[PDB]
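Below: the structure, in structure tokens.
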Amino acid sequence: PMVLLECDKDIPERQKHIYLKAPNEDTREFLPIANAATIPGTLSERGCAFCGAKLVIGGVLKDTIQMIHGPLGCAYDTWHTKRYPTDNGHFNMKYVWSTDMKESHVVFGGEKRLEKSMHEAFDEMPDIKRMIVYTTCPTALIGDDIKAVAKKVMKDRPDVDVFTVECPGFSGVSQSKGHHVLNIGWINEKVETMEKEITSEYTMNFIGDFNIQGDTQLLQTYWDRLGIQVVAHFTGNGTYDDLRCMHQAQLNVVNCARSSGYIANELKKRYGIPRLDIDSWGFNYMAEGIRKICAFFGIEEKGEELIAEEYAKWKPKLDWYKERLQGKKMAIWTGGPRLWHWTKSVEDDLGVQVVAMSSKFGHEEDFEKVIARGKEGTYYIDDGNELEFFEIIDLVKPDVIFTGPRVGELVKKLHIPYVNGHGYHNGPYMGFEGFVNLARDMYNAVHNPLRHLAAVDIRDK
Amino acid sequence: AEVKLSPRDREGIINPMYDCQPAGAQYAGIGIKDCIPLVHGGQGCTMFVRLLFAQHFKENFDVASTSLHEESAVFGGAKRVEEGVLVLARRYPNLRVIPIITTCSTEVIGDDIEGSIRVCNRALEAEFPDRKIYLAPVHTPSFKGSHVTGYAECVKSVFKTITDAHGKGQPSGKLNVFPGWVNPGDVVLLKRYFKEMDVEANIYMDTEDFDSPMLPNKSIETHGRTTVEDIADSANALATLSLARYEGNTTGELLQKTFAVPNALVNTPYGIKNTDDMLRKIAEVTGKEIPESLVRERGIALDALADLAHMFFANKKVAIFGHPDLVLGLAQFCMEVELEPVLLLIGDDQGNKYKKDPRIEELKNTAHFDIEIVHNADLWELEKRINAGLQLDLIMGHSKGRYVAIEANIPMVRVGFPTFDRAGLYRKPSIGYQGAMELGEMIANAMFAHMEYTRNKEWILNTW
Amino acid sequence: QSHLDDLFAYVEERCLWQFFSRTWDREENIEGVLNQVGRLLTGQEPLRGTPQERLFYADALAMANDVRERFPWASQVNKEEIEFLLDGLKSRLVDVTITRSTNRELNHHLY
Ligand code: CLF
Ligand SMILES: [Mg+2]
Ligand SMILES: [Mg+2]
Ligand SMILES: [S]
Ligand SMILES: [Zn+2]
């Protein structure tokens, strides 16, 4: 049934966001409202649309200035917070750029301040020739025309290319809108503006993977073994110009259908490129994905050789962790997709029972997926808030929580260990090896002498 | 010796030194017991700052958002503030203080915060006749100043709000102390100094319990210890000791003007002389003697520093960045131990104030070498100077400058906020005598490790 | 539980193609994948002439392999039964992923 938690008695509208799956229910009658307005004052986990554009997608790129048109906080706040390495010395994590909006810009306009900052950034780093410009709350409100400014800079600097995103933080209800605006703007403005050499008979884009702790680079070992050219990664370990070439691919393989389904859907509509949805977390899921990719291309036997090798290398260690993790109870409090990518894979491959899940920004589609794959007796929460987390803990008594570090630090006080479900503990976590890494961190989290010591009161005889 | 101030020569920023004003107002508020700040603006303005605090302290702190969305961005956000206040009060029965912190968005759209507070006060008095909730308007447009100024603004507004409500009463016999933006370990040290001097004081804000235990009973103790009652009592103090010109002195000034509590601004107590002078001023205002225990702690610090200064520190060139009180004070500490702080970077638009700081002349009269002070600086300004050939032996700053030091292969000591890339620094004092000692030993140990990794006379670490 | 119950429970717990972003894409996938499954399970050649057909084949092959592994009956069953079963399965997936889904985005023309 839907659940009215005690801490929500004065915000009873939350009932329609929380589902406790019970036997025999028709789940179509119990789908949480999702992607609706946030209730003020709740300590919702949500962030802003600008986050979804710059921090999550655009900022992953290795060779691109991330020009945040706004006051300095939006830039500060999106720097030193992500774990998406590159193979060029992590340019993307080392720098952030602001137009340092001041009061005079609010009153008289910020377009010249932006133009000047763009030139400056290109002058300071003459080897960097690509940029994304993002709006933020106040530059949206005053109506600065960042596309126009970008077009002028491009005319003055024929060596560069600039993309613009209108994504103030108050757009939409969460970071989701930033995903949407960036995807649609990129396909409308930048896809099909360049081409690259095709060097394989098998080509794909890999859509919706952001190289957290090297996930993309690990998956690339598979594509290189299989002889498949990745035209573009959207956007893990990616380049700006690879994304301009996405129309060239034969296949779009999608992992994050929430952040990046938009562009896959438009690439299919405009170019006929089929969309293949996979799970690139999970051991048995990773095999299924490789088998589907190989079936599409007609290289089934290559895929079986790869899978057999990876099972022989990593399945015994996975099974060691399974023996020890069987029956443990897990909660997943993250953005959305990792709920449906992980609930059944940790159950199948590790014997772990996911007892509670919360999605910051997921849509109804994400809830369809997670409820389909998830267990009876589990709580499914849209746009969870802090006091709810405490009540859910009391209800389900998880052995481990996969969530962000700040929530991890909170639930430590209750003697519940965490694994960073966003940026990982010791990743990567995608692929065959990555699920072993996940399992290891789960095991170390729970099998931890400190938890037992913390429960001892030394004054008790 | 010439100490030259210059501004950043670029309009834009690359690698900002500070966050925006609202972030600092949130930091001020989280140090109050039974306080949940409410940040009126888009959601990122809250959630990114909660993350920042988790990076520095490895703890959660409660801050709420009004969740400005598109409707409210066009048609006004007063109902988001008002709903957020009520949702807080309804769900947190022990909540007493809500600083209502503006952002760039709600400053641009002109929401009338004071009017929303009148509305909320009426609503709250009707709904909760037995409670009193203090709502403080905190005007922190992010397109001015920085988190330094926002912290100062928030402290001042919360003190104005609470002391307006309570006024002046019985003299307390206590000092008010505004240490500024410091770590829990700095507050621990100050509390020890007042205790050893037999001086009653409130430290505003008392953040000691930000370093909270993991306890057998699973209780959560990660809270500010400064109460409403503590704040109200500031009107009754003997005197205010303000340690930080840019981080609370304006509150000491407001209490002087409003309540005739004399404010004494002193140099922020980094290094020996500044700590001496702080303790002298405490003795003067209280009539209490400095105790032998502090002469001993001082002496232990000097003994430790004397093992390092001429041997390892002399003639070594240092760049320092961080909050202005910390930069200026650390530069003074560095000269006591023969380091040469040749580049000081201060990160915001307050240069007209910094040019008048008396410490600038103090640095001019004690420097054996030219100093450049870059104001309105970003951290690219440091990186670009090193790229152009500035030769540094040490960087002292916060963790968001780490890649500059890593890539240039320069040892770096983590100071100020945030220091997320080392463990435990929030517990270690940097001010006072113990703190001078601890800073100096961090510097030496960072140089020592660097000598080992680079094979630079690593054999010399035997009989120093 | 019926053979069709077993198929339905497998698709719901394992597959993603019935949960694409819009009604039209769900319809296209339910038809396309399950027509390929029916070819595979009755020993007919799959369609592989167009990229889309080759994708349907990829998704169907996983399903067909998994159902043959999971369900004894799925080897040791008819042809006319695959037909009956897949017609039923199409109707059931359309009902739960389209007709009676409360996902409010499903008919948004704009992606
Ligand atoms: S919801 Fe998102 S992070 Fe917030 S402002 Fe808006 S785009 Fe940005 Fe920016 S400078 Fe500071 S942090 Fe805000 S008050 Fe403005
Ligand atoms: Mg000694
Ligand atoms: Mg089922
Ligand atoms: S979000
Ligand atoms: Zn053991």
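Quick note on naming: the chains in the structure tokens go A, B, ... in the order shown, residues restart at 1 in each chain, and ligands are numbered from 1 in order of appearance.
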
| Running DSSP on the backbone, which parts of region 304-412 of chain B land in strand (DSSP E), as a VMD selection string? | chain B and resid 317 to 321 340 to 345 371 to 375 394 to 397 412

Can those selected residues be exported to a file as a JSON list (two decimals), in the first residue's frame so that it contains N, CA, C and O atoms?
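And here is the file that came out, out.json:
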[["chain", "number", "residue", "atom", "x", "y", "z"],
["B", 317, "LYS", "N", 60.41, 30.28, 0.84],
["B", 317, "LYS", "CA", 59.39, 31.15, 0.30],
["B", 317, "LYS", "C", 58.04, 30.48, 0.35],
["B", 317, "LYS", "O", 57.88, 29.34, -0.06],
["B", 318, "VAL", "N", 57.06, 31.23, 0.88],
["B", 318, "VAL", "CA", 55.73, 30.68, 1.15],
["B", 318, "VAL", "C", 54.69, 31.51, 0.45],
["B", 318, "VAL", "O", 54.71, 32.76, 0.44],
["B", 319, "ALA", "N", 53.67, 30.83, -0.10],
["B", 319, "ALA", "CA", 52.40, 31.44, -0.53],
["B", 319, "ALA", "C", 51.31, 30.99, 0.43],
["B", 319, "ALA", "O", 51.24, 29.81, 0.78],
["B", 320, "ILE", "N", 50.43, 31.95, 0.78],
["B", 320, "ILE", "CA", 49.35, 31.66, 1.71],
["B", 320, "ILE", "C", 48.04, 32.12, 1.11],
["B", 320, "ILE", "O", 47.97, 33.23, 0.61],
["B", 321, "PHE", "N", 46.99, 31.28, 1.18],
["B", 321, "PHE", "CA", 45.67, 31.72, 0.77],
["B", 321, "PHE", "C", 44.63, 31.20, 1.72],
["B", 321, "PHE", "O", 44.83, 30.25, 2.45],
["B", 340, "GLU", "N", 59.38, 33.09, 4.78],
["B", 340, "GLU", "CA", 59.21, 34.30, 4.00],
["B", 340, "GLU", "C", 57.92, 34.22, 3.18],
["B", 340, "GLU", "O", 57.90, 33.66, 2.12],
["B", 341, "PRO", "N", 56.85, 34.81, 3.72],
["B", 341, "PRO", "CA", 55.54, 34.77, 3.05],
["B", 341, "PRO", "C", 55.50, 35.82, 1.97],
["B", 341, "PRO", "O", 54.97, 36.95, 2.19],
["B", 342, "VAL", "N", 55.93, 35.51, 0.75],
["B", 342, "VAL", "CA", 56.12, 36.44, -0.31],
["B", 342, "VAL", "C", 54.86, 36.66, -1.14],
["B", 342, "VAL", "O", 54.80, 37.63, -1.90],
["B", 343, "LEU", "N", 53.89, 35.74, -1.03],
["B", 343, "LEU", "CA", 52.66, 35.88, -1.82],
["B", 343, "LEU", "C", 51.47, 35.56, -0.93],
["B", 343, "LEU", "O", 51.42, 34.42, -0.42],
["B", 344, "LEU", "N", 50.57, 36.50, -0.73],
["B", 344, "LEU", "CA", 49.39, 36.33, 0.10],
["B", 344, "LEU", "C", 48.22, 36.54, -0.83],
["B", 344, "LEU", "O", 48.19, 37.54, -1.57],
["B", 345, "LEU", "N", 47.25, 35.61, -0.87],
["B", 345, "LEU", "CA", 46.10, 35.72, -1.73],
["B", 345, "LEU", "C", 44.83, 35.73, -0.90],
["B", 345, "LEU", "O", 44.60, 34.85, -0.07],
["B", 371, "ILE", "N", 56.59, 41.64, -0.29],
["B", 371, "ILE", "CA", 55.40, 40.76, -0.21],
["B", 371, "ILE", "C", 54.46, 41.26, -1.28],
["B", 371, "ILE", "O", 54.18, 42.50, -1.30],
["B", 372, "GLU", "N", 53.85, 40.38, -2.03],
["B", 372, "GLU", "CA", 52.73, 40.76, -2.88],
["B", 372, "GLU", "C", 51.43, 40.18, -2.25],
["B", 372, "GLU", "O", 51.34, 39.00, -1.95],
["B", 373, "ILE", "N", 50.41, 41.06, -2.06],
["B", 373, "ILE", "CA", 49.09, 40.66, -1.60],
["B", 373, "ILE", "C", 48.15, 40.85, -2.71],
["B", 373, "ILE", "O", 47.92, 42.00, -3.16],
["B", 374, "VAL", "N", 47.63, 39.77, -3.25],
["B", 374, "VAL", "CA", 46.65, 39.81, -4.33],
["B", 374, "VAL", "C", 45.28, 39.73, -3.70],
["B", 374, "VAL", "O", 44.98, 38.71, -3.04],
["B", 375, "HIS", "N", 44.43, 40.74, -3.88],
["B", 375, "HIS", "CA", 43.03, 40.67, -3.40],
["B", 375, "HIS", "C", 42.11, 40.50, -4.59],
["B", 375, "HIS", "O", 42.50, 40.61, -5.77],
["B", 394, "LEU", "N", 56.79, 26.36, -0.16],
["B", 394, "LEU", "CA", 55.65, 25.90, 0.67],
["B", 394, "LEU", "C", 54.45, 26.68, 0.23],
["B", 394, "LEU", "O", 54.52, 27.89, -0.06],
["B", 395, "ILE", "N", 53.31, 25.99, 0.25],
["B", 395, "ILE", "CA", 51.99, 26.64, 0.10],
["B", 395, "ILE", "C", 51.22, 26.30, 1.42],
["B", 395, "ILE", "O", 51.28, 25.18, 1.91],
["B", 396, "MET", "N", 50.52, 27.30, 1.92],
["B", 396, "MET", "CA", 49.60, 27.11, 3.05],
["B", 396, "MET", "C", 48.24, 27.57, 2.57],
["B", 396, "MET", "O", 48.05, 28.70, 2.16],
["B", 397, "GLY", "N", 47.27, 26.63, 2.55],
["B", 397, "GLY", "CA", 45.91, 26.98, 2.11],
["B", 397, "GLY", "C", 44.99, 25.81, 2.27],
["B", 397, "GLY", "O", 45.36, 24.76, 2.76],
["B", 412, "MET", "N", 52.61, 21.28, 0.77],
["B", 412, "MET", "CA", 51.51, 22.12, 1.14],
["B", 412, "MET", "C", 50.93, 21.74, 2.49],
["B", 412, "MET", "O", 50.68, 20.56, 2.75]]

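The shell of residues at most 8 Å from region 193-201 of chain B, with only C-alpha atoms counted and near chain neighbours (fewer than 4 positions) removed, consists of residues 173, 174, 175, 176, 177, 189, 286, 288, 289, 290, 291, 293 and 294 of chain B.
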
| field | Near-ligand residues for ligand 1, threshold 7 Å, only C-alpha atoms and all ligand atoms, as a count of residues only | value | 30

| message | I'd like the neighbourhood of region 424-440 of chain A as a ChimeraX atom specification, where a residue qualifies if any of its atoms comes within 7 Å (using only C-alpha atoms), though same-chain residues fewer than 5 positions away should be ignored. | response | /A:212-215,219,280-283,286,310,314,317-318,321,419

Those same residues - C-alpha atoms - I'd like them written as a PDB file, in the first residue's frame.
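Everything below was put into result-v6.pdb:
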ATOM      1  CA  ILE A 212      32.796   7.237 -12.129  1.00  0.00           C
ATOM      2  CA  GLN A 213      36.115   5.938 -10.768  1.00  0.00           C
ATOM      3  CA  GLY A 214      36.996   4.693 -14.221  1.00  0.00           C
ATOM      4  CA  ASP A 215      33.848   2.717 -15.083  1.00  0.00           C
ATOM      5  CA  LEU A 219      34.082  -1.079 -20.113  1.00  0.00           C
ATOM      6  CA  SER A 280      26.340  -2.220 -16.969  1.00  0.00           C
ATOM      7  CA  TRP A 281      26.314  -2.858 -13.257  1.00  0.00           C
ATOM      8  CA  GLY A 282      25.770  -6.414 -12.146  1.00  0.00           C
ATOM      9  CA  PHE A 283      27.734  -9.504 -12.994  1.00  0.00           C
ATOM     10  CA  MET A 286      26.959  -7.386 -17.714  1.00  0.00           C
ATOM     11  CA  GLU A 310      35.797 -12.773 -17.256  1.00  0.00           C
ATOM     12  CA  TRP A 314      36.134 -12.973 -11.285  1.00  0.00           C
ATOM     13  CA  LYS A 317      35.743 -14.031  -5.912  1.00  0.00           C
ATOM     14  CA  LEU A 318      32.109 -12.866  -6.462  1.00  0.00           C
ATOM     15  CA  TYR A 321      31.475 -12.525  -1.256  1.00  0.00           C
ATOM     16  CA  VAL A 419      29.063   2.537   0.833  1.00  0.00           C
TER      17      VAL A 419
END

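CA of residue 140 (chain B) lies 8.0 Å from CA of residue 107 (chain B).
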
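Near chain A, counting only C-alpha atoms at 6 Å, the chain C residues are residues 12, 13, 52, 54, 55, 58, 101, 103 and 111 of chain C.
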
Would you put the residues from that selection into a file with N, CA, C and O atoms, as a tab-separated table (two decimals), in the first residue's frame?
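And here's part30.tsv as it stands now:
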chain	number	residue	atom	x	y	z
C	12	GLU	N	8.79	-9.09	-16.60
C	12	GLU	CA	8.65	-8.00	-15.67
C	12	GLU	C	9.88	-7.87	-14.82
C	12	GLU	O	10.42	-6.76	-14.64
C	13	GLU	N	10.48	-8.94	-14.38
C	13	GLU	CA	11.59	-8.87	-13.53
C	13	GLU	C	12.93	-8.66	-14.25
C	13	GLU	O	13.90	-8.30	-13.53
C	52	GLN	N	16.92	-2.02	-36.86
C	52	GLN	CA	15.92	-2.25	-35.84
C	52	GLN	C	15.54	-3.75	-35.64
C	52	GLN	O	15.35	-4.20	-34.52
C	54	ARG	N	17.57	-6.20	-36.21
C	54	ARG	CA	18.68	-6.79	-35.55
C	54	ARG	C	18.76	-6.47	-34.04
C	54	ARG	O	19.15	-7.30	-33.20
C	55	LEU	N	18.25	-5.30	-33.65
C	55	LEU	CA	18.10	-5.04	-32.23
C	55	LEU	C	17.02	-5.83	-31.57
C	55	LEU	O	17.24	-6.40	-30.46
C	58	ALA	N	18.41	-9.13	-30.91
C	58	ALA	CA	19.30	-9.15	-29.73
C	58	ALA	C	18.57	-9.25	-28.44
C	58	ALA	O	18.88	-10.08	-27.54
C	101	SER	N	-0.82	2.08	-17.00
C	101	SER	CA	0.32	2.79	-16.31
C	101	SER	C	-0.13	4.19	-16.09
C	101	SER	O	-0.63	4.91	-16.98
C	103	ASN	N	2.16	6.40	-15.45
C	103	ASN	CA	3.32	7.22	-15.82
C	103	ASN	C	2.84	8.33	-16.78
C	103	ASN	O	2.45	8.11	-17.93
C	111	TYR	N	10.27	14.48	-26.76
C	111	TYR	CA	11.22	13.71	-25.94
C	111	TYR	C	12.03	14.62	-24.97
C	111	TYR	O	12.01	15.88	-25.13

Which neighbours of residue 134 (chain B) fall inside 7 Å, counting only C-alpha atoms, when residues of the same chain fewer than 4 positions from it are skipped, and could you give them as a short mmCIF file (atom, residue, chain, number, x, y, z; two decimals) with N, CA and C atoms, in the first residue's frame?
data_model
loop_
_atom_site.label_atom_id
_atom_site.label_comp_id
_atom_site.auth_asym_id
_atom_site.auth_seq_id
_atom_site.Cartn_x
_atom_site.Cartn_y
_atom_site.Cartn_z
N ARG B 96 14.09 26.23 17.39
CA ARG B 96 13.98 27.55 17.96
C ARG B 96 14.43 28.72 17.12
N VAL B 97 15.39 28.49 16.16
CA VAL B 97 15.94 29.55 15.40
C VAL B 97 16.00 29.20 13.93
N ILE B 98 15.51 30.07 13.08
CA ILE B 98 15.57 29.90 11.64
C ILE B 98 16.06 31.15 11.00
N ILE B 162 17.77 38.18 18.09
CA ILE B 162 17.56 37.60 19.42
C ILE B 162 17.70 38.70 20.48
#
